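Given next, in structure tokens, is a single chain: the form solved without the ligand.
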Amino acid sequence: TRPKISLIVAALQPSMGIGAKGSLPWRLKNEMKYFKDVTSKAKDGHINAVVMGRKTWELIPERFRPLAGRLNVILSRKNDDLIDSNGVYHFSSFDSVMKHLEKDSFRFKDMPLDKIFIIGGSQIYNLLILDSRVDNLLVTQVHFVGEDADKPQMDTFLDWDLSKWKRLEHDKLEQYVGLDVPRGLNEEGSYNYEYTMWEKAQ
């Protein structure tokens, strides 16, 4: 995997709810912008991939899709590993798409891939945390500071193992994503959140 693989996710402290049934009980305005800047930022002449599940794809409004400036990869169990004329990859598994990219030297429309972001929620976050090809986690740590009755009843939890990841210094996050990042906590109505990066083992 010549490109770096990132798994980018917003978890809720300290329990780590990934979704409440499937909606995300927060509109974090500056989170959306962070996500756009991070996934689009590549070297000159390079491009990034965005990898997501069928259901995340359908949640994006027609307006904004395919996610512009990125290789868009959609994973569904029974996809047939097809590429449509717009360059969107319709694949059945992450391993299937890594194989196909590897045969083309990790290039998309003759551009080198730089970073691959798994964004895909639900489903594939927990299917893919376990894959050792994953180089790092980009975790938006979220804190609820509202009014009790506003507290999210989180349904699905990031199958993370505290033992496997070490948090990186902010400079390393900024180097990696290639952009200055607001540091410390970010307060947005009923929520506090901060951007973090984790890599594995020794």
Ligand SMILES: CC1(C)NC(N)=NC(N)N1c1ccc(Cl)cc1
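Position 1 is the first residue in the sequence shown; the rest follow in order. Between two forms, the rigid core is defined as the largest C-alpha subset superposing within 1.5 Å.
Per-stretch averaging of Cα B factors for 98-106 and 121-129 places 121-129 on top. When 157-165 is weighed against 138-146, 157-165 comes out higher, by mean CA B-factor as recorded in the entry. For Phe35, the recorded CA B-factor ranks within the middle third of the chain. Only modelled residues enter the ranking. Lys151: CA B factor lies in the highest third for its chain, per the PDB record. Compared with the other modelled residues of the chain, the Cα B-factor recorded for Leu28 ranks in the highest third. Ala201: CA B factor in the highest third of modelled residues in this chain (values from the PDB entry).
Below: the form solved in complex with the ligand, not depicted.
In the bound PDB entry, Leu24 approaches the ligand with a heavy atom inside 4.5 Å. Interface residue remark: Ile119 is counted as part of the site for the ligand in the bound PDB entry, having a heavy atom within 4.5 Å.
Of the heavy atoms in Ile8, some are within 4.5 Å of the ligand in the bound PDB entry. Although the partner is absent from this view, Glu31 contacts the ligand in the bound PDB entry, with a non-hydrogen atom inside 4.5 angstroms. Contact here is defined as any heavy atom lying within 4.5 Å of the ligand in the bound PDB entry, and by that definition each of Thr56, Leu67 and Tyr125 is a contact residue.
Per the 4.5 Å heavy atom criterion, the ligand in the bound PDB entry is contacted by stretch 32-40, the sole one of 162-170, 32-40, 129-137, 143-151. Only one of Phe157, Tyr176, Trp165, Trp26 has its C-alpha shifted by 2 Å or more between this form and the one not shown once the core is superposed, and that residue is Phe157.
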